[PDB]
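Architecture at a glance
Listed here are the chains, written in short residue letters.
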Amino acid sequence: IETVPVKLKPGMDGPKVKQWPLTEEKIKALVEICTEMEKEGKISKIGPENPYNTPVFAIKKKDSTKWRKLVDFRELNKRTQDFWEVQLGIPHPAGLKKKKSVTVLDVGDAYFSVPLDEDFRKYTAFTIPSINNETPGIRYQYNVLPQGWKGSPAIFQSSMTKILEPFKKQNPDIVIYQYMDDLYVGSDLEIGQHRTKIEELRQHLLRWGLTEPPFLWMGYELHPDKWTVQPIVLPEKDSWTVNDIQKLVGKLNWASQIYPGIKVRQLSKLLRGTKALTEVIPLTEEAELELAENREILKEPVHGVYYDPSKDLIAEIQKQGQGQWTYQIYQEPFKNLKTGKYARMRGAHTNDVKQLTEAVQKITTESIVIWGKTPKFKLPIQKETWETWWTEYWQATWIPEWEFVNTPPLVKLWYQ
Amino acid sequence: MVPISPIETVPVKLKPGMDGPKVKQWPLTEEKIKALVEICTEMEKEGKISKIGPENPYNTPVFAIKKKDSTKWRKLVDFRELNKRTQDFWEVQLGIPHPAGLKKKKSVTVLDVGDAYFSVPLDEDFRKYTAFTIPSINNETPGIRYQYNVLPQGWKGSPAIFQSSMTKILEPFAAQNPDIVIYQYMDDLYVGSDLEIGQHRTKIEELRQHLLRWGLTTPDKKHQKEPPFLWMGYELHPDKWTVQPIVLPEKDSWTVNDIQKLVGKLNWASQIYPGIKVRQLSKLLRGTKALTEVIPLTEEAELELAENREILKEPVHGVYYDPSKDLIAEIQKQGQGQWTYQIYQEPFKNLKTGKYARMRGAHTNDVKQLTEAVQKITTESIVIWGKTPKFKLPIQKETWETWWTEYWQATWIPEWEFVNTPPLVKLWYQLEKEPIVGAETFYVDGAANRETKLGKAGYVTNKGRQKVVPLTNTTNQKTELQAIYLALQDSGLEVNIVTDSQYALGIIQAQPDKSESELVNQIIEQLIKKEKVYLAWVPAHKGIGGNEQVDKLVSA
Ligand SMILES: Cc1cc(/C=C/C#N)cc(C)c1Nc1ccnc(Nc2ccc(C#N)cc2)n1
Ligand SMILES: [Mg+2]
C-alpha cells in the first residue's frame, strides 16, 4: 500500500527499445486488455515528455484461448537496481528438482495489487502500435508492479510469504519457489492429491484477492524427478568398418577434452595402411581393451564441475533431425551441468522454428527449477529467421537471452 | 463569451545536470533592431511572448533576416543551444505510413490548424529558458527582454508537443466517428472517408465544431490542397498511389556522388516499379567515398542502367489495401544475389513491389537468400498490413523439403506455393549420409609454411592412387581446400573423401552454391558433377591410416 523506492543502476538511463511489428490480432488483443487495465488504474496514458519504451506483445499460455499481455522487460531488468535490502536473496531450493510433481502457476496478477514508486513509473513506458503507423501509438506506463519486471516478485515477496504462510505451516513438505510471474509448487503426493493441494493453494490467493485473475486457474505440470540426462555412449558392434572406427576415434578425441584418461592409440592402430571406408576391420584384443577402458571412464562423472551463482549459465542446442534436439547447459566449456534430448516437440511436425522455440522454453524451465535462473542460449538459427517468428510460438511469461550460431559445429555428431 | 477548454500543458525538463542556455546576443544594425521591435510588439500583442524583468539569467540569440525579393524582415530565434539542453521526447512520426497500407477513400479534406498551434501553451516552469534580448538602439538602454508563452518554432519539443496535444483533442472525435480517418502532417489535418459528399462535409463541419471547444479555429475558405497530395516522396490519389516522378539524368561521365544519388532514386522507385536492379551500380561505390571522384561505368553497370531506364519509361501506380482480401507475395530470382517481389490482392494489381540483395559474406546459397527475402517481406508486411502474405515462390516443394529437413539450422518459411517461373531455385549437390560401397576412398591433406608461404596439397587412396602438388603463396586453409579439390578432380562419379580439415568441413557443411573464394567455387563445380560424395572428418595427428600418410607427404 506504501511504495518501495526503486532506482536504476548508477549512470544508467531508462530503456529506449523499439517496439517490433505486431500482427493485427495481437494489436486488437492488446487494445482490449489495456483499455481494461487503464479502467482498473493499473496503467495510465503518458505524454511526449516520456521518451522511454519497452516492447510489448501478446501470447497464449499453454492450453488457453485467452490472450495475455507480455512485456519484454529484458532491458529494464538489466538496468534496474538489485534488491538485497531486506534479504541478501532467497537461497534457491535444491529440493524442488527432486519432487515427483511440480506445478507451475501464473501468479502475476497478484502484483497489480501493489503500487509502483511514482518516480520509477516512467521507465515502464510502452506503446501499442497501429497497423502501418496510421494512428499514433497508444502510450502507457504502469502505476502498479508490472508482470515480467524483476522488481515485482522482489517487492511483492513479503506479501507472498504472508499469504502462503498458513498453507506452508499446514504442508511443511511442499516446496514453493517463486520466479518472476511463476509459482513452482512441488510435492511427492499422488497426482490426484497433488492437484487438490494446488487448488487449495489457488484458493488462498483467490481468498486474498477478494480482500479475478485470468490465468491463475491454469496449471503446467512437471515431473522433474523423471527428467533424463544424456551420458556419452559408444557403439557396441560386431562388425566395425574403417568408417565406424574413424567416427569412434573422432568421438573419443572429443571426449578426451572432457575426460582425462581417454586413449585412442590402439584403436587408431587398427586402421594402419590406407583402407576403403567400408572395409570391415576386426578389433584386436588391445583395441577391445582400450575401448572397454574408455567406456568405463565415460560412466563416471566429469571432474571439477560446480555451479557458481555469480556466473551465467549457457545453453547450446543442436537440431538432430526427425524432430529431435539435443542440448547442454554449462558455465565453463567442457563442464556440463546438464545435458538432455527431446523428441516430443508438440504440434510442430513441419516447423523447425516452432520446435526450437518449444525447446528453448523447456530448457529455460529446467534451468529455473535447478538453479533459479535462465540460461543464455546459443541457437542454431539465423538471427533474422528467429526474430521474425519466435513470438508466434512463445507461451512463457519470462524471456531468456540468446545469441546465434552461424557456423555448423562438429559437436552435433557426438551427441547424435 | 463561450468558455473553452484549456489545452493541457506538457511538463518539460532540461537534460539531467544541464542548466539553460546563456548565449550572447550578436550586434545588429539599427535597421534590424527596429524591425525586430515591431515584430515582437505584434507577437506580444498576440500573447506569444511576454516582456520579462532583469532577473532571468538565460539567453538565446535573435537575428533579423531579409525575406527574399521583399522589403520585409523576419525574425529568427536561434534555439540550437537550448535544443542541446532540452530533454528527449517521444517522437510519434518516426515510422511513416506506407501508401500501400492505406485504404481507398472517396473524399479527403485538408484543414489548416496552424493557428491552433498557438493555443498550445509552453510549460510555465520552462518558459524562462526561452528568454531572448533585442539589443537596444546605439546600446544606450537595456535591451528588451522577452520569453515565450507558446511552443517556439525551431525548439526541440515543439513538433512532439503540438502533435500530442492535437491527438489528445482529436481522439474522442475519431473514436466516435469510426467511418473517417484523420491524419496530421505539419500544420494540416487530413480527413478521409467513403461517405457521400454531403455527409462527408457534415463530418468536417462537426470536426470544426469539436475543435472550437478548445477555441481552435480553422479557415472557412477551404484549403487549396486537394488530391493528389505530394507527401514524403509519394503522390497520393483517392484510389491509387505512386512515387513522385523518377528522372534519371543523362551524363557523359559519373562521379561517386552522381552514382549515390542514382542508386537512391532507383531504391525509392523499386517500391512500385517492378524489377529495378542496383547491384552493378552499387558495386561501383565499393570502398571509396571521395564524392567528386569520377567512376567509369562498367559494361555491366551500363546494362543495368539501361534496363532501369526501360522500366521507368512511364508511370506505374499501386492500389490501396482491401482488408477483406488475402495478400499475395511473389518473388523472382534476378541473378547476382538480387531478388525482386510484388505484393498484390487481385492479379495484376500490385499494392507494392520491392527488392532484396544478398548479404555480404564468404559463402552463400540461393535457398538461404530466398529464405532471407521471405523474412524481409514478412516483416515488411506485418508493419504495413498487420499480416503475412501467402507466398508464391520459384522453388519446388520437394526441394524445400529436402533442404530444411537436412540443414543443420532450424529454418522455416510460412505458407507458400510453388510458381514455375524460371530461374528456379534448386539444390545443386547433396552429400551422402553414409560411406559409398565400391567407391574409391581418397585421404586428403595440405600444409603450408607460414613464413615462405610454400605448401603442398594431395591425396592417397585405397587403390594406391596418389598425388602431391607443390604450391606457392598459400596457407594451411587454402592447401586443405586444394587437397579436396584434387580428390574431386581425380576421382570417378562416386567418391569417399577423408579430411582432417575442420575449416573445410565448416564450409562444406554450410552447403554453399557460390563463394567469394575461387577455390571454393571450383570445389562446388566439382560437387555438382558428381553422382555421390561422402565427406568424412577425422582428427589430425592421431595415427589414422591414410590420413597419416598424406599428412607426411604434404608437411615435408
Ligand atoms: C496517412 C495519411 C496521409 C494523408 C495525406 C498526406 C498528405 N499530404 C492523408 C490521410 C487521410 C492519411 N491517413 C489515411 C489512413 C487510411 N487510409 C488513408 N487513405 C488515403 C489517404 C489519402 C488519399 C488521397 N488522395 C487516399 C487514401 N489515409
Ligand atoms: Mg596435416
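Residues numbered from 1 in each chain as written, not as in the entry; some residues may be left out. Chains lettered and ligands numbered in written order. Heavy atoms only, no water. Residues with missing side-chain atoms left out of burial classes, pairs and counts.

As recorded in the entry header, the structure was determined using X-ray crystallography to a resolution of 1.510 Å.

Looking up chain B in the PDB entry gives the name Reverse transcriptase/ribonuclease H, with the organism given as Human immunodeficiency virus type 1.

As annotated in the PDB entry, chain A carries the name p51 RT and is attributed to Human immunodeficiency virus type 1.

1. Thoughts on the overall build of chain A
This is how the line gets drawn: For helices the rule is a DSSP run of H or I covering at least 4 residues; for strands it is a run of E covering at least 2, with both sets numbered from the N terminus onward.
In terms of regular secondary structure, chain A is built from ten helices and 14 strands. With the principal axes as the frame, chain A shows a C-alpha extent of 80 × 55 × 40 Å.

2. Some thoughts on the interface of chain A and chain B
As a reminder, the rule being used: Any pair of residues with heavy atoms lying within 4.5 Å of one another is described as a contacting pair. By buried area we mean the combined loss of accessible area, with a 1.4 Å probe, across both parts when two parts are placed together. Any carboxyl oxygen of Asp or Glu within 4 Å of a side-chain nitrogen of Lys or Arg constitutes a salt bridge here. Amino acid classes used here: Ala, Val, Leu, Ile, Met, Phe, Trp, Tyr, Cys and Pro are nonpolar; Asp, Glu, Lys and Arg are charged; the rest, including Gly, are polar.
The partner chain B presents 64 residues to the 59 residues of chain A that form the contact. Counting the surface lost from both chain A and chain B, the interface buries some 5,000 Å², and carbon and sulfur atoms represent 60% of this. For the pair chain A and chain B, the interface holds two salt bridges. Of the charged contacts, one joins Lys103 of chain B and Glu134 of chain A as a salt bridge, the two residues approaching to 2.8 Å between their closest N and O atoms. If you list the elements that add at least two residues to the side of chain A that touches chain B, you get α5 (242–255), α8 (352–371), α9 (383–393) and α10 (412–415) of chain A. Broken down by element, the side of chain A that touches chain B gets its largest block of residues, six residues, from α5 of chain A. A class-by-class count of the residues in the side of chain A that touches chain B yields 25 nonpolar, 22 polar and twelve charged.

3. Side note on the coordination of the magnesium ion (ligand 2)
Each angle at a metal carrying four tetrahedral donors should ideally be 109.5 degrees, and each at a metal carrying six octahedral donors should ideally be 90 or 180 degrees. Residues and elements named next belong to chain B. This is how it is decided: For Na, K and Ca the donor cut-off is 3.2 Å, while for other metals it is 2.8 Å, and in both cases only N, O and S atoms qualify; water is not among them, so sites may look incomplete. Each residue gets one of three labels from its accessible area relative to the maximum for its type: buried under 20%, exposed over 50%, partly exposed in between, using a 1.4 Å probe on protein chains only.
Within the protein, the magnesium ion (ligand 2) binds to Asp445 (OD) and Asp551 (OD); these donor distances fall in the range 2.0 to 2.2 Å. Separated by 106 residues along the polypeptide, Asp445 in strand β18 (residues 441–448) and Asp551 in helix α13 (residues 547–555) bring together distant segments of the chain. In this structure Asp445 comes out as buried when scored by relative accessible area, which is 5%.

4. Notes on the domain arrangement of chain B
Residues and elements named next belong to chain B. Convention followed: Where each domain starts and ends comes from a domain assignment, either automatic or drawn from a database. Counted as a polar contact is a pair of N or O atoms within 3.5 Å, where, for protein atoms, one must be capable of donating a hydrogen and the other of accepting one, and residues adjacent in sequence contribute only when both atoms are in side chains.
Domain annotation for chain B reports domain 1 (1–92 + 118–158), domain 2 (93–117 + 159–227), domain 3 (228–321), domain 4 (322–428) and domain 5 (429–556). With four residues of domain 2 at the interface, the matching set in domain 4 holds five residues. Buried area between domain 2 and domain 4, summed over both chains or domains, comes out near 350 Å², and the portion from carbon and sulfur atoms is 76%. When residues of domain 2 are sorted by the area they lose upon contact with domain 4, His98, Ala100 and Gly101 head the list and together hold 85% of the total. Linking domain 2 to domain 4 there are zero salt bridges. For the pair domain 2 and domain 4, the number of links is one residue pair in polar contact. When grouped by side-chain class, the residues that make up the side of domain 2 that touches domain 4 number one nonpolar, two polar and one charged.

5. Focus on the sheet that holds strand β14 (residues 350–357) of chain B
All names here are of chain B. We count it as follows: Pairing between two strands is assigned when DSSP locates at least 2 bridges connecting them. To obtain each axis, a line is fitted to C-alpha atoms, and for helices this fit is confined to the stretch in contact; angles are then taken between N-to-C directions over 0 to 180 degrees.
Pairing in this open sheet of five strands is mixed, and the strands run β14-β13-β12-β16-β17 from one edge to the other. Each edge of the open sheet is held by one strand with a lone partner, namely β14 and β17 (416–418). The mean inter-strand angle of the sheet, taken between neighbouring strand axes irrespective of direction, is 20 degrees. Along the sheet, helix α8 (residues 366–385) makes contact with β12 (328–335), β13 (338–344), β14 and β16 (390–393), crossing β13 at roughly 35 degrees.

6. Examining the pattern of salt bridges
Throughout the structure, instances matching the rule amount to 48 salt bridges over all chains. One salt bridge in this structure joins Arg68 of chain A and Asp106 of chain A, with 2.9 Å as the shortest N-O distance. Note that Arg68 of chain A is positioned in strand β3 (residues 68–71) and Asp106 of chain A in strand β4 (residues 101–106), a separation of 38 residues in sequence. A salt bridge links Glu310 of chain B to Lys313 of chain B; the shortest N-O distance between them is 3.0 Å. Taken together, the shared-partner salt bridges in this structure form one network comprising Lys16 of chain A together with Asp88 and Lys156 of chain B.

7. Remarks on the packing of helix α3 (residues 158–176) of chain B against helix α4 (residues 197–211) of chain B
Residues and elements named next belong to chain B. Heads up, the condition is: Should an angle lie under 35 degrees it is considered roughly parallel, over 145 roughly antiparallel, and from 65 to 115 roughly perpendicular; all remaining angles are considered oblique. Definitions for this section: a left-handed crossing has its near helix turned counterclockwise from the far helix by less than a right angle. A right-handed crossing has that turn clockwise.
Where α3 meets α4, the axes come as close as 10 Å, and the angle between the chain directions of the two elements is 130 degrees. In terms of their interaxial angle, α3 and α4 are classed as oblique. Remark: the crossing between α3 and α4 carries right-handed chirality. Within the contact between the two elements, α3 uses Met166, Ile169, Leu170, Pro172 and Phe173 and α4 uses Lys203, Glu206, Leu207, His210 and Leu211. A per-class count over the contact of α3 with α4 returns seven nonpolar, one polar and two charged.

8. Quick word on the site of ligand 1
Heads up, the rule is: Being near a molecule or strand, for a residue, comes down to having at least one heavy atom within 4 Å of it. Using a 1.4 Å probe, accessible areas were evaluated by the Shrake-Rupley method; residue-level cover was limited to the displayed protein chains.
Around ligand 1, the structure places 16 residues, and the nearest of them are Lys103, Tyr183, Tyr190, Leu236 and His237 of chain B. Positioned at a junction of chains, ligand 1 has nearby residues supplied by chains A and B. Between a nitrogen atom of ligand 1 and a main-chain N or O atom of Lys103 of chain B, the distance comes to 2.8 Å. Residue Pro238 of chain B places a main-chain N or O atom 3.5 Å away from a nitrogen atom belonging to ligand 1. In isolation ligand 1 has 590 Å² of accessible area, and contact with the protein removes 99% of it. Contributing elements (two or more residues each) for the shell around ligand 1: β7 (180–185) and β9 (229–231) of chain B. When the residues that make up the shell around ligand 1 are grouped by side-chain class, the tally is twelve nonpolar, one polar and three charged.

9. So, the environment of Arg80 of chain B
Residues and elements named next belong to chain B. Relative to the helices and strands, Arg80 resides in helix α2 (residues 80–85). Overall, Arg80 belongs to the exposed group, its relative accessible area being 59%. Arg80 sits 406 residues away from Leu486 along the chain, and the two C-alpha atoms are 67 Å apart. At a separation of 3.0 Å, a polar atom in the side chain of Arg80 contacts the side chain of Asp78.

10. Overview of unusual backbone geometry
Omega for the peptide link from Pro227 of chain B to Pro228 of chain B comes to 0 degrees, which places this bond in the cis form. With respect to the helices, strands and loops of the structure, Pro228 of chain B is situated in the loop between α4 and β9. Looking along the chain, the bond that leaves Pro422 of chain B and enters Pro423 of chain B is cis, with omega of 0 degrees. The residue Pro423 of chain B is located in the loop between β17 and β18 in this model. The phi angle at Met180 of chain A is positive, at roughly 50 degrees, despite the residue not being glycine. With respect to the secondary-structure elements, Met180 of chain A resides in the loop between β7 (175–179) and β8 (182–187).

11. Considerations on the packing of helix α10 (residues 476–490) of chain B against helix α12 (residues 518–529) of chain B
Two quantities define a packed helix pair, namely the angle between the helix axes and the distance between the axes. Residue and element names in this part refer to chain B. Their axes nearest at 10 Å, the elements α10 and α12 cross at an angle of 25 degrees. Relative to α12, the element α10 lies roughly parallel. Remark: the crossing between α10 and α12 carries left-handed chirality. Mapping the contact onto sequence places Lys478, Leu481, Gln482, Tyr485, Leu488 and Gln489 in α10 and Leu519, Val520, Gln522, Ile523, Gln526 and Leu527 in α12. Residues that form the contact of α10 with α12 fall into these classes: seven nonpolar, four polar and one charged.

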